[PDB]
Amino acid sequence: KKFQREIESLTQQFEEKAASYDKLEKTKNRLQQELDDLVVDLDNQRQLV
Amino acid sequence: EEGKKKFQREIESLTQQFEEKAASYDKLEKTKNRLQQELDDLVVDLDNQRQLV
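Residues numbered from 1 in each chain as written, not as in the entry; some residues may be left out. Chains lettered and ligands numbered in written order. Part of a larger assembly, values for the part shown. Heavy atoms only, no water. Residues with missing side-chain atoms left out of burial classes, pairs and counts.

As documented in the archive entry, the model was determined using cryo-EM at 4.3 Å resolution.

Attention now goes to the overall build of chain B. If you tally the helices and strands in chain B, you get 1 helix and 0 strands. On C-alpha atoms alone, chain B measures out to a radius of gyration of 23 Å, which is more than a quarter above the 10 Å that the 2.2 N^0.38 rule sets for 53 residues. (Helix = DSSP H or I, 4+ residues; strand = E, 2+ residues; numbered from the N terminus. Rg over C-alpha atoms; globule rule 2.2 N^0.38 Å.)

Let us look at the overall build of chain A. For chain A, the helix and strand inventory stands at 1 helix and 0 strands. Along the first, second and third principal axes, the C-alpha atoms of chain A reach 70 × 10 × 5 Å.

Taken together, the contact pairs 7 residues of chain A with 7 residues of chain B. Each residue belonging to the side of chain A that touches chain B can be placed in one class, and the counts come to no nonpolar, 1 polar and 6 charged. (Contact = heavy atoms within 4.5 Å. Nonpolar A, V, L, I, M, F, W, Y, C, P; charged D, E, K, R; others polar.)

Where helix α1 (residues 2–48) of chain A contacts helix α1 (residues 2–52) of chain B, the axes come no closer than 8 Å and their chain directions differ by 20°. Comparing their axes, α1 of chain B and α1 of chain A come out roughly parallel. By crossing handedness, the relation of α1 of chain A to α1 of chain B is classed as left-handed. In contact with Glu8, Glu15, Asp22, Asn29, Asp36 and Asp43 of chain A of α1 of chain A, α1 of chain B contributes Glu12, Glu19, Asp26, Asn33, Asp40 and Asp47 of chain B. (Axes fitted to C-alpha atoms, helices over the stretch in contact; angles between N-to-C directions. Parallel < 35°, antiparallel > 145°, perpendicular 65-115°, else oblique. Left-handed = near helix turned anticlockwise from the far one by under 90°.)

Structure, rendered in structure tokens:
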């Protein structure tokens with residue numbers, strides 16, 4: 001039981017590290033996509049006018 | 001002992017389910033952001049060509 005608990009804790013730490021890295025990359029991509037969408041909307045509207 | 005082992009197993013199963021859900025949601029968000037960035041790059045090229053014209 002103690003060995004399984006230690007293995008579960010190690011796996012939880014690894015999954016938390018993976019989730020944190022994925023969340024950081026996703027936040028970076030989200031900021032980039034927001035900036036790109038703003039720029040695209042602005043350029044489209046200006047060119048249309 | 002045995003009951004503690006079963007409780008730890010249930011807690012580990014719940015944690016694994018939550019981690020799988022979080023990883024799936026993160027992968028979905030990443031795929032959506034990648035598609036959005038591709039569309040944004042295409043739109044940026046199109047807008048550049050349109051502004052040139």
